[PDB]
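> Please find protein_10.cif (mmCIF, N, CA and C atoms and all ligand atoms) on the next line:
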data_input
#
loop_
_atom_site.label_atom_id
_atom_site.label_comp_id
_atom_site.auth_asym_id
_atom_site.auth_seq_id
_atom_site.Cartn_x
_atom_site.Cartn_y
_atom_site.Cartn_z
N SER A 7 88.75 105.74 93.88
CA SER A 7 89.38 107.04 93.69
C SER A 7 89.44 107.86 94.99
N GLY A 8 90.33 108.85 95.03
CA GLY A 8 90.53 109.69 96.20
C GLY A 8 91.97 110.13 96.38
N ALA A 9 92.17 111.32 96.98
CA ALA A 9 93.51 111.86 97.17
C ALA A 9 93.61 112.71 98.44
N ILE A 10 94.84 112.96 98.93
CA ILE A 10 95.11 113.87 100.04
C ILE A 10 95.73 115.13 99.42
N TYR A 11 95.20 116.29 99.75
CA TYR A 11 95.69 117.56 99.23
C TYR A 11 96.23 118.35 100.39
N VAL A 12 97.55 118.31 100.60
CA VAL A 12 98.21 119.00 101.71
C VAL A 12 99.25 119.93 101.14
N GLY A 13 99.14 121.23 101.42
CA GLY A 13 100.05 122.23 100.90
C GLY A 13 100.15 122.22 99.39
N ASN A 14 101.36 122.26 98.85
CA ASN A 14 101.54 122.22 97.40
C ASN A 14 101.62 120.77 96.85
N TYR A 15 101.08 119.78 97.60
CA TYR A 15 101.13 118.36 97.20
C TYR A 15 99.76 117.68 97.09
N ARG A 16 99.69 116.70 96.18
CA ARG A 16 98.56 115.78 96.02
C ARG A 16 99.14 114.37 96.22
N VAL A 17 98.60 113.62 97.20
CA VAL A 17 99.03 112.26 97.52
C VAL A 17 97.97 111.31 97.02
N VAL A 18 98.33 110.33 96.18
CA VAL A 18 97.38 109.35 95.62
C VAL A 18 97.96 107.93 95.65
N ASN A 19 97.12 106.89 95.38
CA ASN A 19 97.65 105.53 95.19
C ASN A 19 98.47 105.55 93.90
N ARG A 20 99.66 104.97 93.92
CA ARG A 20 100.53 104.95 92.75
C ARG A 20 99.86 104.22 91.59
N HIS A 21 99.09 103.15 91.89
CA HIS A 21 98.42 102.39 90.84
C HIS A 21 97.28 103.17 90.16
N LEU A 22 96.78 104.25 90.77
CA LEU A 22 95.73 105.05 90.17
C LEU A 22 96.21 106.42 89.65
N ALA A 23 97.50 106.77 89.84
CA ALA A 23 98.01 108.07 89.41
C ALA A 23 97.80 108.36 87.93
N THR A 24 97.60 109.64 87.60
CA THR A 24 97.32 110.08 86.23
C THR A 24 98.62 110.47 85.45
N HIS A 25 98.49 110.92 84.18
CA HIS A 25 99.63 111.41 83.42
C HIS A 25 100.16 112.68 84.10
N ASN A 26 99.26 113.57 84.55
CA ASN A 26 99.59 114.83 85.21
C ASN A 26 100.41 114.62 86.46
N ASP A 27 100.02 113.62 87.29
CA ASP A 27 100.72 113.23 88.52
C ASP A 27 102.16 112.82 88.17
N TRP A 28 102.36 112.01 87.12
CA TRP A 28 103.71 111.58 86.71
C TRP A 28 104.51 112.72 86.04
N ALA A 29 103.82 113.70 85.43
CA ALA A 29 104.46 114.86 84.80
C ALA A 29 104.92 115.89 85.85
N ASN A 30 104.27 115.89 87.02
CA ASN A 30 104.55 116.79 88.14
C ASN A 30 104.99 115.99 89.37
N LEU A 31 105.77 114.91 89.15
CA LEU A 31 106.25 113.97 90.17
C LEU A 31 107.17 114.62 91.19
N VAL A 32 106.90 114.40 92.48
CA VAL A 32 107.74 114.80 93.59
C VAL A 32 108.43 113.50 94.11
N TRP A 33 107.63 112.47 94.42
CA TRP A 33 108.12 111.21 94.97
C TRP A 33 107.14 110.05 94.68
N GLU A 34 107.68 108.85 94.49
CA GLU A 34 106.86 107.67 94.26
C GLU A 34 107.51 106.44 94.89
N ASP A 35 106.70 105.51 95.39
CA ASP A 35 107.23 104.29 96.00
C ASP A 35 106.25 103.14 95.72
N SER A 36 106.60 102.25 94.76
CA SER A 36 105.77 101.11 94.37
C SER A 36 105.50 100.20 95.55
N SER A 37 106.49 100.04 96.44
CA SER A 37 106.39 99.18 97.61
C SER A 37 105.40 99.70 98.65
N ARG A 38 105.04 100.98 98.62
CA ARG A 38 104.02 101.53 99.54
C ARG A 38 102.70 101.87 98.79
N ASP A 39 102.68 101.70 97.45
CA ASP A 39 101.58 102.11 96.58
C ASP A 39 101.31 103.60 96.76
N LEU A 40 102.37 104.43 96.98
CA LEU A 40 102.17 105.89 97.10
C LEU A 40 102.82 106.65 95.98
N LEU A 41 102.24 107.79 95.63
CA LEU A 41 102.76 108.72 94.64
C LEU A 41 102.34 110.13 95.10
N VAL A 42 103.26 111.09 95.02
CA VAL A 42 103.00 112.47 95.41
C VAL A 42 103.37 113.36 94.23
N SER A 43 102.45 114.24 93.86
CA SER A 43 102.67 115.22 92.80
C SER A 43 102.39 116.64 93.28
N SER A 44 102.90 117.62 92.53
CA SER A 44 102.76 119.03 92.87
C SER A 44 101.50 119.67 92.29
N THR A 45 100.88 120.56 93.05
CA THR A 45 99.68 121.29 92.62
C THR A 45 99.96 122.79 92.68
N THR A 46 99.29 123.56 91.82
CA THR A 46 99.47 125.01 91.81
C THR A 46 98.57 125.73 92.84
N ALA A 47 97.56 125.03 93.38
CA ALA A 47 96.63 125.52 94.39
C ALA A 47 97.02 124.95 95.78
N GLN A 48 96.50 125.53 96.87
CA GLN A 48 96.85 125.08 98.22
C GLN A 48 95.91 124.04 98.82
N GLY A 49 96.50 122.99 99.39
CA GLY A 49 95.77 121.93 100.07
C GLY A 49 95.54 122.20 101.55
N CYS A 50 94.32 121.94 102.00
CA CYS A 50 93.94 122.22 103.38
C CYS A 50 93.77 120.97 104.27
N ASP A 51 94.37 119.83 103.89
CA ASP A 51 94.30 118.63 104.71
C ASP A 51 95.39 118.67 105.75
N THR A 52 95.06 118.30 106.95
CA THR A 52 96.01 118.22 108.05
C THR A 52 96.45 116.76 108.13
N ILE A 53 97.75 116.49 108.15
CA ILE A 53 98.25 115.13 108.27
C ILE A 53 98.48 114.87 109.75
N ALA A 54 98.00 113.74 110.25
CA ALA A 54 98.23 113.36 111.63
C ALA A 54 99.68 112.94 111.80
N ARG A 55 100.23 113.23 112.95
CA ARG A 55 101.58 112.85 113.33
C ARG A 55 101.37 112.17 114.69
N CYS A 56 101.13 110.84 114.69
CA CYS A 56 100.78 110.11 115.91
C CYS A 56 101.03 108.59 115.77
N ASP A 57 100.67 107.81 116.83
CA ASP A 57 100.73 106.35 116.91
C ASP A 57 99.32 105.73 117.15
N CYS A 58 98.25 106.45 116.75
CA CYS A 58 96.85 106.03 116.86
C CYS A 58 96.59 104.72 116.19
N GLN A 59 95.67 103.95 116.73
CA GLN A 59 95.26 102.69 116.12
C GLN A 59 93.74 102.57 115.98
N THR A 60 93.01 103.68 116.06
CA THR A 60 91.56 103.78 115.86
C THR A 60 91.35 105.04 115.01
N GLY A 61 90.31 105.02 114.21
CA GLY A 61 89.99 106.11 113.31
C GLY A 61 88.74 105.81 112.50
N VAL A 62 88.41 106.67 111.57
CA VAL A 62 87.24 106.54 110.71
C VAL A 62 87.75 106.59 109.26
N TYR A 63 87.19 105.77 108.35
CA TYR A 63 87.58 105.78 106.95
C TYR A 63 86.36 105.91 106.01
N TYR A 64 86.55 106.46 104.81
CA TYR A 64 85.46 106.58 103.85
C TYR A 64 85.39 105.36 102.93
N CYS A 65 84.23 104.69 102.89
CA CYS A 65 84.06 103.52 102.04
C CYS A 65 83.09 103.87 100.92
N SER A 66 83.61 104.21 99.72
CA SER A 66 82.77 104.63 98.60
C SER A 66 81.82 103.57 98.11
N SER A 67 82.15 102.29 98.24
CA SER A 67 81.25 101.19 97.81
C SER A 67 80.00 101.05 98.70
N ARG A 68 80.00 101.69 99.88
CA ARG A 68 78.85 101.70 100.75
C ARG A 68 78.32 103.14 100.97
N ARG A 69 79.08 104.18 100.52
CA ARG A 69 78.80 105.60 100.71
C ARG A 69 78.58 105.88 102.18
N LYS A 70 79.50 105.34 103.00
CA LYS A 70 79.43 105.43 104.46
C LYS A 70 80.83 105.50 105.02
N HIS A 71 80.95 106.16 106.17
CA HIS A 71 82.18 106.25 106.95
C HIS A 71 82.08 105.15 108.02
N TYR A 72 83.19 104.45 108.29
CA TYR A 72 83.19 103.39 109.28
C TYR A 72 84.30 103.58 110.27
N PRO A 73 84.00 103.41 111.57
CA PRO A 73 85.09 103.48 112.56
C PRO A 73 85.87 102.15 112.54
N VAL A 74 87.20 102.20 112.66
CA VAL A 74 88.02 100.98 112.62
C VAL A 74 89.11 100.97 113.67
N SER A 75 89.53 99.78 114.08
CA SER A 75 90.75 99.60 114.85
C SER A 75 91.72 99.09 113.77
N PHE A 76 92.91 99.66 113.67
CA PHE A 76 93.85 99.26 112.64
C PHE A 76 95.22 98.89 113.23
N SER A 77 96.02 98.09 112.49
CA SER A 77 97.31 97.65 112.98
C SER A 77 98.41 98.70 112.76
N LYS A 78 99.61 98.47 113.32
CA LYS A 78 100.74 99.38 113.11
C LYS A 78 101.30 99.22 111.68
N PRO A 79 101.86 100.27 111.03
CA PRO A 79 102.39 100.09 109.66
C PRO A 79 103.40 98.95 109.57
N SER A 80 103.19 98.03 108.61
CA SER A 80 104.07 96.87 108.50
C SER A 80 104.14 96.31 107.07
N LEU A 81 105.03 95.32 106.87
CA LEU A 81 105.21 94.65 105.60
C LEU A 81 104.15 93.59 105.54
N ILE A 82 103.20 93.72 104.63
CA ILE A 82 102.14 92.73 104.50
C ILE A 82 102.12 92.18 103.08
N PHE A 83 101.99 90.85 102.94
CA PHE A 83 101.93 90.23 101.63
C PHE A 83 100.63 90.62 100.90
N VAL A 84 100.76 91.02 99.63
CA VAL A 84 99.65 91.45 98.79
C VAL A 84 99.65 90.61 97.52
N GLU A 85 98.50 90.01 97.18
CA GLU A 85 98.38 89.16 96.00
C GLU A 85 98.52 89.92 94.67
N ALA A 86 98.86 89.19 93.60
CA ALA A 86 99.06 89.77 92.27
C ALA A 86 97.84 90.51 91.72
N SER A 87 98.07 91.58 90.96
CA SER A 87 97.05 92.41 90.32
C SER A 87 97.56 92.89 88.94
N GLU A 88 96.72 93.56 88.11
CA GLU A 88 97.22 94.08 86.82
C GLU A 88 98.14 95.31 86.97
N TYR A 89 98.40 95.73 88.23
CA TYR A 89 99.23 96.87 88.58
C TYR A 89 100.55 96.42 89.18
N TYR A 90 100.55 95.33 89.96
CA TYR A 90 101.77 94.85 90.61
C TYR A 90 101.80 93.34 90.67
N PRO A 91 103.00 92.72 90.60
CA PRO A 91 103.06 91.26 90.84
C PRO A 91 102.93 90.95 92.36
N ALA A 92 102.83 89.66 92.76
CA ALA A 92 102.71 89.32 94.18
C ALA A 92 103.95 89.84 94.96
N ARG A 93 103.73 90.60 96.06
CA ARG A 93 104.87 91.23 96.75
C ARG A 93 104.55 91.63 98.20
N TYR A 94 105.56 92.11 98.95
CA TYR A 94 105.33 92.65 100.28
C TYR A 94 105.15 94.17 100.14
N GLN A 95 103.98 94.70 100.52
CA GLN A 95 103.75 96.13 100.52
C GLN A 95 104.15 96.62 101.92
N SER A 96 104.97 97.66 102.00
CA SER A 96 105.40 98.20 103.28
C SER A 96 104.52 99.37 103.73
N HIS A 97 104.57 99.69 105.04
CA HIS A 97 103.81 100.80 105.61
C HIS A 97 102.31 100.60 105.42
N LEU A 98 101.84 99.35 105.53
CA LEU A 98 100.44 98.99 105.36
C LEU A 98 99.83 98.65 106.70
N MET A 99 98.61 99.15 106.96
CA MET A 99 97.88 98.95 108.22
C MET A 99 96.53 98.30 107.95
N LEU A 100 96.27 97.10 108.51
CA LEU A 100 95.00 96.43 108.25
C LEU A 100 93.95 96.66 109.32
N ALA A 101 92.67 96.51 108.93
CA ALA A 101 91.51 96.59 109.81
C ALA A 101 90.44 95.64 109.26
N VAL A 102 89.53 95.21 110.12
CA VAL A 102 88.37 94.43 109.75
C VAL A 102 87.36 95.50 109.30
N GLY A 103 86.93 95.40 108.06
CA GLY A 103 86.00 96.33 107.46
C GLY A 103 85.73 96.02 106.00
N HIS A 104 84.65 96.59 105.46
CA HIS A 104 84.32 96.40 104.07
C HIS A 104 85.21 97.23 103.13
N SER A 105 85.62 96.60 102.02
CA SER A 105 86.34 97.24 100.94
C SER A 105 86.17 96.46 99.64
N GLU A 106 86.22 97.19 98.54
CA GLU A 106 86.11 96.72 97.16
C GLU A 106 87.16 97.46 96.31
N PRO A 107 87.58 96.91 95.14
CA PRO A 107 88.66 97.57 94.37
C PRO A 107 88.56 99.11 94.16
N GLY A 108 87.39 99.62 93.79
CA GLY A 108 87.18 101.06 93.59
C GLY A 108 87.18 101.91 94.86
N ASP A 109 87.49 101.28 95.99
CA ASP A 109 87.56 101.92 97.28
C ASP A 109 88.90 102.55 97.59
N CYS A 110 89.97 102.18 96.84
CA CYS A 110 91.31 102.78 97.01
C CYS A 110 91.24 104.30 96.87
N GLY A 111 91.88 105.01 97.80
CA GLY A 111 91.86 106.47 97.79
C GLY A 111 91.07 107.06 98.95
N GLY A 112 90.16 106.27 99.52
CA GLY A 112 89.34 106.71 100.65
C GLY A 112 90.21 107.03 101.84
N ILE A 113 89.96 108.17 102.46
CA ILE A 113 90.80 108.65 103.54
C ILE A 113 90.49 107.97 104.86
N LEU A 114 91.53 107.66 105.62
CA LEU A 114 91.46 107.18 106.99
C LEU A 114 91.89 108.37 107.87
N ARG A 115 91.12 108.68 108.91
CA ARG A 115 91.32 109.82 109.78
C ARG A 115 91.21 109.48 111.25
N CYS A 116 92.00 110.13 112.10
CA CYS A 116 91.85 110.02 113.55
C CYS A 116 91.57 111.46 114.08
N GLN A 117 91.56 111.68 115.41
CA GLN A 117 91.36 113.05 115.93
C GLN A 117 92.48 114.00 115.48
N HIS A 118 93.67 113.47 115.10
CA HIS A 118 94.80 114.31 114.72
C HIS A 118 94.86 114.69 113.25
N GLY A 119 93.99 114.11 112.43
CA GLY A 119 93.99 114.41 111.00
C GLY A 119 94.14 113.19 110.13
N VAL A 120 94.57 113.39 108.87
CA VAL A 120 94.70 112.33 107.88
C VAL A 120 95.82 111.34 108.25
N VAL A 121 95.47 110.06 108.36
CA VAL A 121 96.37 108.97 108.71
C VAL A 121 96.94 108.29 107.44
N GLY A 122 96.09 108.09 106.44
CA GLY A 122 96.47 107.45 105.21
C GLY A 122 95.28 107.18 104.32
N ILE A 123 95.48 106.38 103.25
CA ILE A 123 94.41 106.09 102.30
C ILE A 123 94.23 104.61 102.01
N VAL A 124 92.99 104.20 101.64
CA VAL A 124 92.73 102.80 101.30
C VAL A 124 93.63 102.38 100.13
N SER A 125 94.31 101.23 100.29
CA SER A 125 95.24 100.74 99.29
C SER A 125 95.00 99.25 99.01
N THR A 126 94.60 98.45 100.02
CA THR A 126 94.33 97.01 99.81
C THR A 126 92.94 96.62 100.43
N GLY A 127 92.58 95.34 100.38
CA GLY A 127 91.34 94.84 100.94
C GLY A 127 90.98 93.46 100.44
N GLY A 128 89.81 93.01 100.86
CA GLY A 128 89.28 91.70 100.51
C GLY A 128 89.10 90.83 101.74
N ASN A 129 88.15 89.90 101.70
CA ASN A 129 87.88 88.94 102.77
C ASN A 129 87.38 89.53 104.09
N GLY A 130 86.79 90.71 104.01
CA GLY A 130 86.31 91.39 105.20
C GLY A 130 87.38 92.24 105.85
N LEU A 131 88.52 92.45 105.17
CA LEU A 131 89.62 93.28 105.63
C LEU A 131 89.78 94.51 104.72
N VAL A 132 90.40 95.57 105.23
CA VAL A 132 90.72 96.79 104.50
C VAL A 132 92.14 97.21 104.92
N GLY A 133 92.97 97.56 103.96
CA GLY A 133 94.32 97.99 104.22
C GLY A 133 94.54 99.44 103.84
N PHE A 134 95.22 100.20 104.71
CA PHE A 134 95.49 101.63 104.51
C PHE A 134 96.99 101.86 104.36
N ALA A 135 97.37 102.67 103.36
CA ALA A 135 98.74 103.05 103.14
C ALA A 135 99.00 104.18 104.14
N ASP A 136 99.95 104.01 105.05
CA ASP A 136 100.26 105.06 106.05
C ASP A 136 100.99 106.24 105.40
N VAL A 137 100.66 107.49 105.80
CA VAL A 137 101.36 108.70 105.36
C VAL A 137 101.90 109.55 106.56
N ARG A 138 101.73 109.09 107.81
CA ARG A 138 102.14 109.87 108.97
C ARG A 138 103.65 110.03 109.11
N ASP A 139 104.44 109.11 108.53
CA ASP A 139 105.89 109.22 108.61
C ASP A 139 106.48 110.20 107.58
N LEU A 140 105.71 110.59 106.54
CA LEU A 140 106.21 111.52 105.50
C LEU A 140 106.15 112.96 106.00
N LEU A 141 107.09 113.32 106.88
CA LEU A 141 107.13 114.64 107.53
C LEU A 141 107.30 115.82 106.56
N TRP A 142 107.91 115.59 105.39
CA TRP A 142 108.13 116.62 104.37
C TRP A 142 106.86 117.15 103.72
N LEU A 143 105.73 116.46 103.89
CA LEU A 143 104.47 116.92 103.32
C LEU A 143 104.04 118.26 103.91
N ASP A 144 104.38 118.54 105.19
CA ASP A 144 103.99 119.75 105.91
C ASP A 144 105.03 120.85 105.96
N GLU A 145 106.24 120.62 105.44
CA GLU A 145 107.29 121.62 105.54
C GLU A 145 107.94 122.02 104.22
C1 LIG B 201 91.02 97.32 97.46
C2 LIG B 201 90.43 95.93 97.37
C3 LIG B 201 89.35 95.57 98.17
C4 LIG B 201 88.71 94.36 98.01
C5 LIG B 201 89.14 93.46 97.05
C6 LIG B 201 90.24 93.77 96.26
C7 LIG B 201 90.89 95.00 96.42
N1 LIG B 201 92.03 95.29 95.63
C8 LIG B 201 93.32 95.26 96.08
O1 LIG B 201 93.60 94.96 97.23
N2 LIG B 201 94.28 95.59 95.17
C9 LIG B 201 94.09 95.88 93.74
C10 LIG B 201 94.71 97.23 93.38
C11 LIG B 201 96.15 97.33 93.88
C12 LIG B 201 96.25 97.04 95.38
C13 LIG B 201 97.68 97.12 95.87
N3 LIG B 201 97.91 97.98 96.84
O2 LIG B 201 98.56 96.41 95.39
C14 LIG B 201 95.69 95.63 95.59
ZN ZN B 202 96.08 110.25 115.77
#
I'd like the structure from this file rewritten - as structure tokens, please.


Amino acid sequence: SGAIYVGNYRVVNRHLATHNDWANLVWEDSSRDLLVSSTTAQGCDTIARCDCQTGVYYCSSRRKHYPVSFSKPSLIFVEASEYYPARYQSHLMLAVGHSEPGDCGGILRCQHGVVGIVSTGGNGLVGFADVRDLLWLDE
């Protein structure tokens, strides 16, 4: 679990979104595992607007933050789950690090702010859904 709260928006993994999130839908993309819904309160998260490839992420299965080197957003093959069939997830950035299924939602951050959230993992790897290209979140 986990979300980004920026301005009048809540950004979550599409596979974990609630009824409320779908009732207050702004935008959704199955191919990125992202969903954005509207909130009546103000979000104070700063979204990074950069090309960084190092940062820190929250790993709830270890209750620890880990520094990571991560790849550029790309189309990466993701195995079948009860949420999606086998497919290419776009805007995904991998790193060597610990992750477990309940880890999705954990924020990845650099010096510039929120980079994205945990979306994939396994085999000693962790994948983050990038949000730096969604410029409309701040305006
Ligand atoms: C997060 C994780 C870590 C270690 C082991 C397994 C996982 N589970 C996953 O990768 N996913 C399950 C839920 C949906 C995900 C997606 N973006 O399609 C894929
Ligand atoms: Zn940055």

> For atom CA of residue A:42 and atom C of residue A:102, quote the distance in Å rounded to one decimal.

26.9 Å

> One decimal, Å: what's the distance from atom C of residue A:28 over to atom N of residue A:48, could you say?

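Computing the Euclidean distance for atom C of residue A:28 and atom N of residue A:48 yields 18.6 Å.
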
> Tell me which of A:132, A:53, A:81, A:140 sits closest to residue A:41, counting only C-alpha atoms.

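Closest to residue A:41 of all the choices is A:140.
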
> So which residues are near ligand ZN 202 (chain B), meaning at most 10 Å away with only C-alpha atoms and all ligand atoms counted, given back as JSON, numbers by chain?

{"A": [53, 54, 55, 56, 57, 58, 59, 60, 61, 115, 116, 117, 118, 119, 120, 121, 138]}

> By how many Å are atom CA of residue A:51 and atom CA of residue A:96 apart?

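Answer for the atom CA of residue A:51 to atom CA of residue A:96 separation: 23.3 Å.
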
> Counting all atoms listed in the file, which protein, DNA or RNA residues come within 7 Å of ligand LIG 201 (chain B), given as a CSV table (one decimal) with N, CA and C atoms, keeping the file's coordinate frame?


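Below is the file out_2.csv, written as the result:
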chain,number,residue,atom,x,y,z
A,21,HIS,N,99.1,103.2,91.9
A,21,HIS,CA,98.4,102.4,90.8
A,21,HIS,C,97.3,103.2,90.2
A,38,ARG,N,105.0,101.0,98.6
A,38,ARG,CA,104.0,101.5,99.5
A,38,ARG,C,102.7,101.9,98.8
A,39,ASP,N,102.7,101.7,97.4
A,39,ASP,CA,101.6,102.1,96.6
A,39,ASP,C,101.3,103.6,96.8
A,84,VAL,N,100.8,91.0,99.6
A,84,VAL,CA,99.6,91.4,98.8
A,84,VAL,C,99.6,90.6,97.5
A,85,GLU,N,98.5,90.0,97.2
A,85,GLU,CA,98.4,89.2,96.0
A,85,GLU,C,98.5,89.9,94.7
A,86,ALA,N,98.9,89.2,93.6
A,86,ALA,CA,99.1,89.8,92.3
A,86,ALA,C,97.8,90.5,91.7
A,87,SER,N,98.1,91.6,91.0
A,87,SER,CA,97.0,92.4,90.3
A,87,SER,C,97.6,92.9,88.9
A,88,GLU,N,96.7,93.6,88.1
A,88,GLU,CA,97.2,94.1,86.8
A,88,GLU,C,98.1,95.3,87.0
A,89,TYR,N,98.4,95.7,88.2
A,89,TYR,CA,99.2,96.9,88.6
A,89,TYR,C,100.6,96.4,89.2
A,90,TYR,N,100.6,95.3,90.0
A,90,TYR,CA,101.8,94.8,90.6
A,90,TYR,C,101.8,93.3,90.7
A,104,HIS,N,84.6,96.6,105.5
A,104,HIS,CA,84.3,96.4,104.1
A,104,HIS,C,85.2,97.2,103.1
A,105,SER,N,85.6,96.6,102.0
A,105,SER,CA,86.3,97.2,100.9
A,105,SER,C,86.2,96.5,99.6
A,106,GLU,N,86.2,97.2,98.5
A,106,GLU,CA,86.1,96.7,97.2
A,106,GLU,C,87.2,97.5,96.3
A,107,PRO,N,87.6,96.9,95.1
A,107,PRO,CA,88.7,97.6,94.4
A,107,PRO,C,88.6,99.1,94.2
A,108,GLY,N,87.4,99.6,93.8
A,108,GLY,CA,87.2,101.1,93.6
A,108,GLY,C,87.2,101.9,94.9
A,109,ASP,N,87.5,101.3,96.0
A,109,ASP,CA,87.6,101.9,97.3
A,109,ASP,C,88.9,102.6,97.6
A,110,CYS,N,90.0,102.2,96.8
A,110,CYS,CA,91.3,102.8,97.0
A,110,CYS,C,91.2,104.3,96.9
A,124,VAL,N,93.0,104.2,101.6
A,124,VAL,CA,92.7,102.8,101.3
A,124,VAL,C,93.6,102.4,100.1
A,125,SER,N,94.3,101.2,100.3
A,125,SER,CA,95.2,100.7,99.3
A,125,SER,C,95.0,99.2,99.0
A,126,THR,N,94.6,98.4,100.0
A,126,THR,CA,94.3,97.0,99.8
A,126,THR,C,92.9,96.6,100.4
A,127,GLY,N,92.6,95.3,100.4
A,127,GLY,CA,91.3,94.8,100.9
A,127,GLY,C,91.0,93.5,100.4
A,128,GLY,N,89.8,93.0,100.9
A,128,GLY,CA,89.3,91.7,100.5
A,128,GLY,C,89.1,90.8,101.7
A,129,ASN,N,88.2,89.9,101.7
A,129,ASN,CA,87.9,88.9,102.8
A,129,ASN,C,87.4,89.5,104.1
A,131,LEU,N,88.5,92.4,105.2
A,131,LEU,CA,89.6,93.3,105.6
A,131,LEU,C,89.8,94.5,104.7
A,132,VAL,N,90.4,95.6,105.2
A,132,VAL,CA,90.7,96.8,104.5
A,132,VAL,C,92.1,97.2,104.9
A,133,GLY,N,93.0,97.6,104.0
A,133,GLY,CA,94.3,98.0,104.2
A,133,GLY,C,94.5,99.4,103.8

> Pick out each residue of chain A that DSSP on the backbone tags as helix (DSSP H, G or I); I need them as a VMD selection string.

chain A and resid 20 to 22 25 to 29 36 to 38 107 to 109 141 to 144

> List every residue of chain A that DSSP, applied to the backbone of this structure, assigns to strand (DSSP E), and report them as number ranges by chain.

A: 10-19, 31-35, 40-50, 60-65, 70-75, 80-84, 93-102, 113-116, 119-128, 131-136

> Please determine, counting all atoms listed in the file, which residue among A:45, A:134, A:70, A:101 has the shortest atom-to-atom distance to residue A:14.

A:45

> If you count all atoms listed in the file, which residues fall within 8 Å of residue A:46, apart from same-chain ones fewer than 3 positions away, as a list in words?

residues 13, 14, 15, 43 and 49 of chain A

> Go through A:93, A:137, A:75, A:98 one by one, measure the shortest atom-to-atom distance of each to residue A:63 using only C-alpha atoms, and give the residue with the smallest value.

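Among A:93, A:137, A:75, A:98, it is A:75 that comes nearest to residue A:63.
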
> Find, counting only C-alpha atoms, the residue in A:94, A:73, A:111, A:50 that gets nearest to residue A:18.

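For residue A:18, the nearest of the given residues is A:111.
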